[PDB]
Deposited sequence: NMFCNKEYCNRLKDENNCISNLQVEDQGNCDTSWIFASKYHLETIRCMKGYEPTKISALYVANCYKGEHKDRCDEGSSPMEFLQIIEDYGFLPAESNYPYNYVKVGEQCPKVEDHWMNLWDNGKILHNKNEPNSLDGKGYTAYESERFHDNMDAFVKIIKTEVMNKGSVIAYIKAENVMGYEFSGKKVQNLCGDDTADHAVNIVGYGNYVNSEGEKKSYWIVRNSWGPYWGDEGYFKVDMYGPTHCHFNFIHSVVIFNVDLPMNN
């Protein structure tokens, strides 16, 4: 029965889980997947510490940053910057306080109002970079260990951040109802989250396994905004579909 063990993890099937209540979002026509995937990883980390499934304001992160003005719609950033933004501001408003519209990416950072809730209240970034990252290509000859690392973090933190090449999921007949059997590229350009996994039997009757991946292209794309992808992919791939994974090292007290 249980919804997240070492062989099978799918919290989406449990309407009672905090994580299942974090609805899929749409980044729109800006390069802001770095914000969606990073804030979702924090949102699941919060769920695991007993907090409400309250959405972080992606627009606040897009619009509030130190230094010279940047083109926050045309230029993607990284999860390292999500953390840099937290550490500079110490405030993450709820989505409801400052809701996302992609055409507003670029607006002046809004003044925090008294009635805004702080979704990072009492949060600490652990020492020494604040995150841990892994490259699939560095595990080409111990893919098992890579899989194990990701499974453990999905179990414990509720998700990891993963980087993929967006083109790899733009196959002309991409169907969210199928486990995709995909290759990756030498590089990546789009942040997603791995949120679960399980085993399946493929079209050749072979035992295989899949990641469940959350995207930020709205709930119409894929399978209600998610898709399944084979952990290994075609034998011939030089590069795994999952290029990199990033995990945040955050200390949040058990509360709310």
Ranges of the deposited sequence (numbered from 1) for which no C-alpha atom is modelled: 128-136
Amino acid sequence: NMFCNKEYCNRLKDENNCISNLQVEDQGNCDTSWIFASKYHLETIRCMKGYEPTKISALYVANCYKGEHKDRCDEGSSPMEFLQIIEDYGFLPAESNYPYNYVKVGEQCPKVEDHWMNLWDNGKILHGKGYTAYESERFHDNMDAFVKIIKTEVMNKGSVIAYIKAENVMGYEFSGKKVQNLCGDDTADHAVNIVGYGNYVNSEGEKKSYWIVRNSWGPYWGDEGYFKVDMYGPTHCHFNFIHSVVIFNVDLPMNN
From here on, numbers count along this sequence of modelled residues.
Comparing 13-21 with 241-249, the one whose average Cα B-factor in the PDB entry is higher: 13-21
Mean C-alpha temperature factor, higher of 63-71 and 188-196: 63-71
Top Cα B factor in the deposited entry, candidates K104, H140, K148, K165: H140
Criterion, highest CA B-factor; candidates, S159, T152, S175, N181: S175
Entry-reported Cα temperature factor of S136, expressed as the chain third it lands in: middle
